[PDB]
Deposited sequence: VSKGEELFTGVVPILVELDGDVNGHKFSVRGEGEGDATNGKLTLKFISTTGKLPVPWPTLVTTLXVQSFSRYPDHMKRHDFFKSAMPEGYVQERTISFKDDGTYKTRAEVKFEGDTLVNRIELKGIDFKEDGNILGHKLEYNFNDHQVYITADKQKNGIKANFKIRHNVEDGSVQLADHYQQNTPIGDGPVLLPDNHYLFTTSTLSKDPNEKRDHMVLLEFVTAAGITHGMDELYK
């Protein structure tokens, strides 16, 4: 496709998240860049509202699969780039086992030269001293592969996958993800055969940054079944 051409080199990224979890209002702003040729993303995220009311790792999947590296032989299966520049809506439900649920809706699209991911998140039925609102989760991330399938009736894709978060306990906190993506424009998009995205994420901190923040480096590739 022709949306593929927009990801040729290094593309600046802006992420904006407005969140509300059990009534805690918070906002995240992220800036960085993506290099889809090599499936590399680098971003620094800031909590602009003060200390984050949920653990950073629970937000990683919400905070741009258009930067996945699709091998040459799977280009026909890259829905995410094919929807650009007009973009796509990405919606999820994230169910934290024995705790609350995030519902998210995001628009991913070009604004000028910048790939923007603008997100709204609402969390309900969290335990005020559970693993999430009680900040019991380690600052790290366990990636898991994502099985992408076509949803031809919505002209888009869907996926469902589980993420495991480490608890400072040593226990594990499951986050069950359900995902739907739908194009924003009317043009044609690529509906893919079933395939996976594999991700390697690294969370770090900036020693000079005093705001609550997350530095994130990710490498992502597509792989056929």
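Of the deposited sequence, positions 1, 65, 228 to 236 lack any modelled C-alpha atom.
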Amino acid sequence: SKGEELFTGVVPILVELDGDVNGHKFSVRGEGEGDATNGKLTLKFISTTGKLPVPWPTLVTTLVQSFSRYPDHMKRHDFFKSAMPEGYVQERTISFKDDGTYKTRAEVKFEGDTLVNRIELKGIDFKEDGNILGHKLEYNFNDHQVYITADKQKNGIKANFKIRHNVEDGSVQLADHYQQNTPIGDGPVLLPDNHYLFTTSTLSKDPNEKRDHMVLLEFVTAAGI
From here on, numbers count along this sequence of modelled residues.
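Higher mean CA B-factor, judged across 72 to 80 and 115 to 123 from the recorded values: 72 to 80. In this entry, 5 to 13 has the higher mean Cα B-factor, the comparison being between 213 to 221 and 5 to 13. For the set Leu190, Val54, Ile163, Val28, the PDB entry assigns the largest Cα B-factor to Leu190.
Remark: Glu33 belongs to the lowest third of its chain, ranked by C-alpha B-factor as recorded. Annotation for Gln153: C-alpha temperature factor in the highest third relative to the rest of the modelled chain, per the entry. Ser201: CA B factor lies in the highest third for its chain, per the PDB record.
In the deposited entry, the Cα temperature factor of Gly23 sits in the middle third of values across the chain's modelled residues.
When the modelled residues of the chain are ordered by their C-alpha B factor, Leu41 lands in the middle third.
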